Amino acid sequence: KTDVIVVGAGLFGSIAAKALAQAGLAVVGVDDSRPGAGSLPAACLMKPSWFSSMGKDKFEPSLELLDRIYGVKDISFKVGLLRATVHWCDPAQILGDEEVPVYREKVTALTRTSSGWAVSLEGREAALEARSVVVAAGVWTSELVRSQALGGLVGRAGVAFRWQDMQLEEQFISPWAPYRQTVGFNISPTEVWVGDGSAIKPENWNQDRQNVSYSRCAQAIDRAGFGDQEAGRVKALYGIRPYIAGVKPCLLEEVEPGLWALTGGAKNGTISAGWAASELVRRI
């Protein structure tokens, strides 16, 4: 009766699971909410010039899927003296959607059965059953499935900041280095999100490194000097992105019959989740 089990309910598991559910499948999710997941700090802003490598071949079917399922909003961002249109999917809408039921437990094993796949859970005598399994477990995907591509999965950490009870009159993109932009916008009607775009080897991460990105972000919105961290006015959101070098969109591979690995979204984020989901609707 269960068609697909999706392991992981970050952006990639959430989007894939709901696209399959919308396509008529019986989908079940499993997620253990482990700390440092990649999707908590995400803004889900998609500027078309950021995704040139992808190609209209993939950008457009992906954006259409996200618009059909969640709705895509067009935001006119300030870019110096000029303006630029950026597409937005509300991350709270993607990550909080409840169509797909999610077991808030830890997957410990995957086993082929005669009818499909059995998904073991920590501390559970029975396994969850499905014809197919999509493992969208972020940087932890290689803990459950292995492949030459997954042998290259590493984490690229980063931080973004959310200021409470605040709105920007001007949502902006401002560069601080080639291909490094400080982005500030109204992520909710009450909150301002700012990120500087840096990615870090999770080893080279510490409070000093975080304060460097905080200084960038707070100067871009004129909050430097106000001690907003110590005062509780801003939340730091740390996450580890799943990076695999050389990935086309992201990694979507059928490692065994019915067993898919969906990860490697550090490079392109939400738009490549949309591409992968459209692929899975076609192929499952």
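In this text, residue numbers run from 1 along the sequence as written.
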Return whichever of 146-154 and 202-210 has the greater mean Cα B factor according to the PDB record. 202-210
As stated in the PDB record, which stretch has the larger average Cα B-factor, 58-66 or 238-246? 58-66
Highest Cα B-factor in the PDB entry belongs to which of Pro257, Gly29, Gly36, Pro41? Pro257
Could you say which of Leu128, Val135, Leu81, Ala109 has its CA atom at the highest B factor, as listed in the PDB entry? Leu81
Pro101 CA temperature factor, ranked by third within the chain: middle
Comparing against every modelled residue in the chain, figure out the third that the C-alpha B-factor of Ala224 lands in (lowest, middle or highest). middle
Chain third (lowest, middle, highest) by recorded CA B-factor, residue given as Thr263: lowest
Against its chain's modelled residues, does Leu11's Cα B factor rank lowest, middle or highest third? lowest
CA B-factor placement of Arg162, once the chain's modelled residues are sorted into thirds: lowest
